[PDB]
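If you want the building blocks of each chain, they are given just below.
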Amino acid sequence: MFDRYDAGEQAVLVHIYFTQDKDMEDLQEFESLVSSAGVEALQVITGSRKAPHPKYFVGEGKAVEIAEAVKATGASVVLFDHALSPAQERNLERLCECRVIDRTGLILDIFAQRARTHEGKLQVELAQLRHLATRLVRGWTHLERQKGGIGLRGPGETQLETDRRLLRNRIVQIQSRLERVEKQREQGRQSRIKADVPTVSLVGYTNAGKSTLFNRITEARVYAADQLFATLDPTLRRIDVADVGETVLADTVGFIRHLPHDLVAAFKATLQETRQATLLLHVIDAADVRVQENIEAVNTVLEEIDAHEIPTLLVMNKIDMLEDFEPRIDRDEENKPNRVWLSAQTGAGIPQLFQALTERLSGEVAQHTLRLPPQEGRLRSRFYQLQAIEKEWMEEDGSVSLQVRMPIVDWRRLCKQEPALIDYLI
RNA sequence: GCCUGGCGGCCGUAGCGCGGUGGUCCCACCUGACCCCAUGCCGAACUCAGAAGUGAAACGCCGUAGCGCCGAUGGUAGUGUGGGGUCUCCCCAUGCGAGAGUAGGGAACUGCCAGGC
RNA sequence: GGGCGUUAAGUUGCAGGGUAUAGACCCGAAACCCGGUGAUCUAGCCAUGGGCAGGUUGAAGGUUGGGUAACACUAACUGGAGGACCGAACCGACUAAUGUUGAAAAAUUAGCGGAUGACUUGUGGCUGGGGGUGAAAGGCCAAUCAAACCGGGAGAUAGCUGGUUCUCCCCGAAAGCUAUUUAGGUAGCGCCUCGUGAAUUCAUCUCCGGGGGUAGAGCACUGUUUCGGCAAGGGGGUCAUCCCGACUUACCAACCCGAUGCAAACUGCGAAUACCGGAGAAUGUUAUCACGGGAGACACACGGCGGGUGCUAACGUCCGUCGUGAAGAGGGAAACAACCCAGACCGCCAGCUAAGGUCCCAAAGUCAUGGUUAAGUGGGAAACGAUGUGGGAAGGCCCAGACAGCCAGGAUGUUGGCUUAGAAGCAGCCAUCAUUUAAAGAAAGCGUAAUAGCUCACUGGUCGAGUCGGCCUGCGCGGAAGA
RNA sequence: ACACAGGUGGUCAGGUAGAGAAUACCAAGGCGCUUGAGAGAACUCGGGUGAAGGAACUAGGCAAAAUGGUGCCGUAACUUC
RNA sequence: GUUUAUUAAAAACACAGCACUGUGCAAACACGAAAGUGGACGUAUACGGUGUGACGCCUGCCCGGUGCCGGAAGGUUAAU
RNA sequence: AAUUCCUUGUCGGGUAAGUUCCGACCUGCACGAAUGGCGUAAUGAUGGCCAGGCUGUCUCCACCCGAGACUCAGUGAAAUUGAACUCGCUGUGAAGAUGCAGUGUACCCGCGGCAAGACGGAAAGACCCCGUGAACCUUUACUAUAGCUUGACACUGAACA
RNA sequence: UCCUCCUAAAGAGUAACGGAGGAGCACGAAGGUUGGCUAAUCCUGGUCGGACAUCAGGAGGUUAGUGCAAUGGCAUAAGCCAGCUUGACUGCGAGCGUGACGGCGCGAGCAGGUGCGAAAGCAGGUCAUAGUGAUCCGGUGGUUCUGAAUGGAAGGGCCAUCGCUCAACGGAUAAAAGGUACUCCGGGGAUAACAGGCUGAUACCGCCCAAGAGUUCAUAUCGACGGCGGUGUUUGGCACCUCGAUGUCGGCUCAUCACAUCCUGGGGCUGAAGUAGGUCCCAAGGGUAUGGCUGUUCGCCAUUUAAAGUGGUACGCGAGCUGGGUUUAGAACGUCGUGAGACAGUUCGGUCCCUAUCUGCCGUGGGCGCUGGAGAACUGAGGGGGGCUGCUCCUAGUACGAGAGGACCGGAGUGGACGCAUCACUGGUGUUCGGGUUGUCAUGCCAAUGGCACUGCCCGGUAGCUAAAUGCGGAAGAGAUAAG
RNA sequence: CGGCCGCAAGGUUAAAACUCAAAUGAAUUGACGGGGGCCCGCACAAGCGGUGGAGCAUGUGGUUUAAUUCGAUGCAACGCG
RNA sequence: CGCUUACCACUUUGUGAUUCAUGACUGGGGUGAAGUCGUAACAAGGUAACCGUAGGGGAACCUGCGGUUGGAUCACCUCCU
Ligand SMILES: Nc1nc2c(ncn2[C@@H]2O[C@@H](COP(=O)(O)OP(=O)(O)OP(=O)(O)O)[C@@H](O)[C@H]2O)c(=O)[nH]1
């Protein structure tokens, strides 16, 4: 639907503590989501085992009770934390004078509020069009009351089937424009895969995900705030990590547990950076009672886009209060197996984050020095033109050795097709 | 020919303001009242009897434009009729022609009948 | 006081115009009711007679074929029931094809289903129409069936359609208002005609007496704004100093004070016109009003102006007013109801002319003067873009030489430091003192793998005559893709 | 409505092959169906035969193509035996 | 097995079975303005109606409304 | 699910690919016990699906045989029809032009074919709406009435508490 | 139905399913008269007065009030208090206003009796406009009327009064709900569905500016906030047309046009090392899949290809075909309703007619003309057909490149789809050739033949025709050009 | 799970992986009993006087600032060290 | 020798049976330890227990019927067979 819910709207929240559907939902998570939406909740109903109802997703008497509660509260709309089937919302809508909305609609609504860009607006519109396509079946019958079953001649098919085809034609046109936005990113991606720069995408929960991590690393202005979500479109800036060289970091939007399946598809269409990320990072926050519950959900979103496989260093947030680990630049092993604990909110650790980046960077334990061309002065001018080696030292017999080791590069250019007729060194 | 009281005309060039001025001519206060009347208590109001006292206030007169108020000519908006271009809008001939400003005017004038030179 | 009256001409024929009641101009329903005719088609039932080639399976009756304490267990085979099977006659009708003005108002050809049964068939009979009969379909009851056929009431009724037949002359509408079991019908009124009366009646214009609240303006009022001024009260920086102060704060002040807009439901103003009344010429076949006879119309259309609604869309809708079409031809706008000119009594192988035009189609200027455009503009299109072209008033510079191009000089400190033998702008800064001002930048863009180089402030530039921009304006240009 | 491809109750029932009143061919008997002559286009109808592939056709194996008899063996799930 | 003769042959209808109800015979019920007749020359192991549909397993809870059946303490109640 | 809107629900199968099918899950918009619930051998011109075989259904048609169609002789209709000297395009127009305007093109007549158009023929559209139209059906619409039922009076008498 | 404002264009009047609000009463005082009186707002000093009371003073005719909506009014007050009261009287009413009428409204004054005031005088309801209901039919009271032979009386009339959410408010009647997919009649494109027409809000496409996004870097690539256009092209609006008839999706067959171009050609920019792309310009000559599911356009998928364009053509095409779809009558399920029945639910089943006059095409003739009549061979004004491409190899592993990879030049072969011809080959067919064979009948019979059974069934097959067979081709050039 | 039986409900035959240092039996000594018995104590009863709402003093639940120093916390801390 | 017939390996077709992995969903293990609900059993465990079998709890468990002991206990001052 082109229309989206207005912020500041009065509303009621109906959440069964056990609302079925695997019960991975959290009421504390719901309050953060509703605050961003602009829902004004006078009363939050908490219930025990209301039978999932084919009619209302809540007990038939409870549906009358929530209708009575809504009439008294003055709340303009009804919000339900677990999913309502298209009939299920429609039956609830008949019982109360006020209209109703659902969590799939509410997360879709949240995306609209946090979107300030054209790519985000088209992406949100497509996702709503998919969710509303299922929702519109009840609405189409109400529209056809005026039609009175006319349209038998012209379209051979029964009336209202043609109306679905027109919405589907709008869906087909919508898909073509969305493809163009991705195609433009892919032309940029073709230049981006120069093979000299790795692609990095930062993923996480809406609050746990550290898009703030880019701010400590690049000191670049970005919108990081308490409001749920709020970074819908990705930001890519140049960061030269000393250990890995030039790298590009992309801020993928944060996601929540039980993410609407259409919304993961829409998020991926904008975020193909997640699909192509050579290095990926997941951030976990202690604000939720169980850090583990957020971890499994992030994996499911990654599984949806098939990026779950990449081995990932895990960053941590809320560490500032905990102060459990002070960042330490010590390698117990060359692999250095650990999960980074530094949090970007206070800038706790930077060289230690880089040590984890050295673990990410491919390295040789032997680090055998590459053969070096004879003219150091010409090499130094080339280093000034490109990258000067961080450590360079003289070696015995007039040899020069540098910390960067590239034996394959020296074989490919310095010693490949040379005749060596003189054969001074055999 | 002056100053006062009434009853009108005209109702801001008429009003308000500021400063002055006048007293048994008048007028206003003022003096008394379990008297005629009179307060939903109220001789601040209304009456009645009248002398002292004063123009303080009021009242009237004079100056003062500080504001009110009136306000040209010219220009403009509009519009009647014919004609034209015809973005919803105009333009031309022609007749009528604002409001708002502006220079300015502006502190009234006049009748009738009684009390005082 | 009023209201209705006051001896005011009628009556009967004949002819015509209306209205009422009858079939009431004419044709045309679906239906309803009444009395009959059909069960030779069909549906059920009754009575009495027929048919079912062939082939197969085989029940019961089992005369009976073992054994257990006894039960369980369990032992041979003649017959000929079946709403049995396969399949002709027979009955039906599942798919396809042809036919569909056929051979046929449901058939033909290939395949199909039942065919000893709740079968089929012949001959009679019975049940009759709001009735029958129904293994149930609103099936069937003579190619007719949510109620047969025939005659009657019957020319039912039909605010609905269609048609309405000879000639000429005169006038000539309306598609509005109010009502409606009413919206496509009707009644009254307005508009048309015919007659009879009547006064400078009516119109146009001039002059005069009005009243308003429209346009337009304006913001005092009702609201709606913007800015500047700003402590009343509270935010409150001091504040468990409210401190009868540390201040009223380093915030809005609230009315308020100056300016600025906006209004259909705002008005301290206020037109043009329109309306009403009066007088007066001139004119118009009393054009006006009243009464009586006869209507039609009460579906309007477009354009102009003033608006509502829509999207300042619609050949949209709904109003007010005018014009045209309707109901008006002719000339023009290529063709064209409503747009422009003009209102056709007739004839002429006569002139003038409106709108519109004068190169050919195609009547008339290859007319005159001056100017503009170079696109075929003319001959579809906006925001915007541009040394297209033409005009106008200004500004700077210039014979201490206009504007170009052009080459050289344009350098220490100021390579001094700071991501480091790049330390200097390319990550940033300290910087403007000048030495040696014809001239010299601790520079605008750069570049070199730092360290060279580039253009320009000044000079000499011969050539030199005008030169650089802006504004306003006429006509062009690009923006500019359809089957 | 017709000199109409439909409908119309019973009876008789030869030969050969065949279970048979199926069917093929014949008896006895009756007929060639009241417009013909050419030519041998498309197209239409009713058929015949098809290389290779074989349901790819199509809404759907619609239609067509196949199998088909008698004798002897042999025969599953389930079962109301 | 029957059926929409003449666009529907079906999952429709029927069916044997099962229950519920009425019905004592001059039966109930029907066609009859009535006589009569069918039911039936039958007699509750019979008839009529309604529903379901062989078979196997079964048919839970509820009489609040409406109907039907039984009862009236009182009230209301026509003609007269 | 002859029932589930969403829905092509989710899984597993069968295919290269399966909205059908089959089997599970229960989240029954809107199953449920003679308005019958669940199964069921046999049966079905029943509904849906999957195989083997087979083929002109198909790729993609080809040839052949007969009946027409063609020509010749004889007999000899039909629907329809305001009149026609009956092109195309673009525009206009009661808004889809053989007939108007402009332009291109076009000697005059058949015969055999194809159907793009003559808003082609057939049939006062069947869809929609109106008529202070009609029929039939239903009920808790109004007004009645058959039918059932209740009392009184008559037909209809006597005697004893 | 009534009242008030606006639209309503300064007389009045004026419509819409146009924008805003009220009434279906109240008071015997809130009426009449006489007399008196004058507000809302803040400030100052003061009680449990402080923003809220009540004082003493300071602003105005009034920002107050009006029984209640709105507008017009209002100081002489209509506003507020007191006293006395009942004119909230009866009969009439010159004259107006407003309506088509029925009616509604104002009305000085006359007459008879009241009230208040000394008097002038004023009063026939409320400051005004809403607060209502005709007629019929009945009820009650009075009456100076009539009363069916007469005297009465019932009954009627007149006068006063009563009974209507007759609210659909100019009111059919005392009294009235639904269904029809079983439907039928008379009309209407006066009125919706399909298509065409207007429009273009939406849609789609393009441009204007450019905060941004881009590894630094608005325009390589997209572009927020806003703006302007184009098209008829999607959703809509309208109702001009079509209801005495314009067949509805899809598929099959057959097409044609536009260029907003999918492939193939030519370019520009690139954040284009090569390969491969992105974006834009020019360019319409040709080309632009097969299947599974399902009725599908769609969609999802599997696998092709150089690509499997986007639209118009009545969302092309039913006198061309289909009928899965919808769109009838049978049945069932879920839900709604007491029910008949219903469903923008599902499911199974369910009649698609035309002999071509005209234009139009596709083929093929006749007549006359072209100037004496013939028989030939041609020029070419015009017109049509044809215009596709892949794969491999050389150049060359060269250019390009750190590698991985790997050339828009220039040559050669080889195919796919398409069109044309042909029948030498390979095949098909071949009822008009030969043979085998089942059943029967005939020619006397054996033998040999023939008829009939689909050509009886087959097996083969010549000519001819034909594809699945083989040949051939879409070119190279040349001229004028588009972007460049 | 398979077999067999059963109309079902279920019966019978009857494992495995996985897990633990136990699981159990009878006795002993205590503790405890909303088990029984006998007793005792202002424990109850029979009485007398108080506490539970006004100034001293103590702690905590606890607040506050510079601290409101530390401890004592049912009975057996709370006029306590 | 060629040829033919029997036997037969590879192989192929149909139809079954038994093993292993796996098959959304679903049924049922001991368990780090605190924020985590009731009290069924052990005392007569506050309704004696558990044994079979049905139905209900939808927390252990409750209740019906039969069984078993692997069950605790013998009374308030208080006129009279
Ligand atoms: N974890 C954590 N975050 C903190 C802390 N303090 C402040 N923050 C902020 O909380 C974070 C909020 O979540 P974000 O990291 O913004 O989530 P995000 O995914 O970047 O946000 P979106 O992309 O807008 O959804 C950042 O804004 C941090 O700066 C802290 O102590 N811990």
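Definitions and cut-offs
- Residues numbered from 1 in each chain as written, not as in the entry; some residues may be left out.
- Chains lettered and ligands numbered in written order.
- Part of a larger assembly, values for the part shown.
- Heavy atoms only, no water.
- UniProt positions renumbered as here; feature names shortened; annotations may be inferred.
- Helix = DSSP H or I, 4+ residues; strand = E, 2+ residues; numbered from the N terminus.
- Expected span 1.5 Å × (residues − 1).
- Buried < 20%, exposed > 50% of the residue type's maximum accessible area, 1.4 Å probe, protein only.
- Contact = heavy atoms within 4.5 Å.
- Pairing = 2+ DSSP bridges.
- Axes fitted to C-alpha atoms, helices over the stretch in contact; angles between N-to-C directions.
- Near = heavy atom within 4 Å.
- Polar contact = N/O pair within 3.5 Å; in protein donor to acceptor, adjacent residues only side chain to side chain.
- Areas by Shrake-Rupley, 256 points an atom, 1.4 Å probe, with all protein chains shown as cover.
- Nonpolar A, V, L, I, M, F, W, Y, C, P; charged D, E, K, R; others polar.

- Looking at the method and resolution fields of the entry, one finds cryo-EM and 3.2 Å.

- In the annotation of the PDB entry, chain A is listed under the name GTPase HflX and assigned to Escherichia coli.
- The record lists the entry's title as "Time-resolved cryo-EM study of the 70S recycling by the HflX:3rd Intermediate".
- The Sequence similarities (unreviewed entry) comment attached to chain A in UniProt states, word for word, "Belongs to the TRAFAC class OBG-HflX-like GTPase superfamily. HflX GTPase family."
- In its Subunit (unreviewed entry) section, the UniProt entry covering chain A states "Monomer. Associates with the 50S ribosomal subunit."

### Points about helix α6 (residues 161-192)
Count 3.6 residues to each turn of an α-helix, and residues three or four apart come out pointing the same way.
Then step 1. End to end, α6 covers 45 Å across 32 residues, agreeing with the expected 46 Å (1.5 Å per residue, within 8%).
Then step 2. Within the sequence span of α6, burial applies to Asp163, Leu167, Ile171, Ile174, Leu178, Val181, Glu182 and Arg189.
Then step 3. Among the structural elements, α5 (118-147), β5 (199-204), α8 (261-270) and α9 (272-275) are those in contact with the buried residues of α6.

### With respect to the side chain of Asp102
Then step 1. Note on placement: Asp102 falls in strand β4 (residues 99-102).
Then step 2. The contacts of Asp102, once residues within four sequence positions are left out, are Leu79, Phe80, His82, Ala83, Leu84 and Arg135.

### Comments concerning the sheet that holds strand β3 (residues 77-80)
The strands that make up a sheet are held in pairs by hydrogen bonds between backbone atoms, and each pair lies either parallel or antiparallel.
Then step 1. Read from one edge of the open sheet, 4 strands run β2-β1-β3-β4, paired in parallel fashion. With one partner strand each, in any of the chains shown, β2 (40-47) and β4 form the two edges of the open sheet. Here the average twist between neighbouring strands, direction ignored, is 25°.
Then step 2. Of the strand pairs in this sheet, β3 and β4 are connected by 4 bridges, and their pairing is parallel. Within β4, the position partnered with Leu79 by the bridge is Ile101.

### Section: the site of the ligand
Then step 1. The full set close to the ligand counts 20 residues, and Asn207, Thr231, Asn317, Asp320 and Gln345 are the nearest of them.
Then step 2. Between the ligand and the protein, one listed contact pairs an oxygen atom with a backbone N or O atom of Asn207 at 2.7 Å.
Then step 3. A distance of 2.7 Å separates an oxygen atom of the ligand from a polar atom in the backbone of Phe229.
Then step 4. For the ligand, whose free accessible area comes to 640 Å², the fraction covered by protein is 84%.
Then step 5. Within the shell around the ligand, the residues separate by chemical class into 6 nonpolar, 10 polar and 4 charged.

### Digging into the sheet that holds strand β6 (residues 236-241)
Then step 1. Strand order in the open sheet formed by 5 strands is β6-β7-β5-β8-β9, and the pairing between neighbours is mixed. Each end of this open sheet is capped by a strand with a single partner; those strands are β6 and β9 (314-317). Taking the axes of each pair of neighbouring strands and ignoring which way they run, one obtains an average angle of 30° across the sheet.
Then step 2. Pairing between β5 and strand β8 (residues 279-285): 5 bridges, direction parallel. The residue bridging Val203 from the neighbouring strand is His282, located in β8.
Then step 3. In the packing of helix α10 (residues 291-304) onto the sheet, the strands contacted are β5 and β8, and the crossing angle to β8 comes to about 150°.

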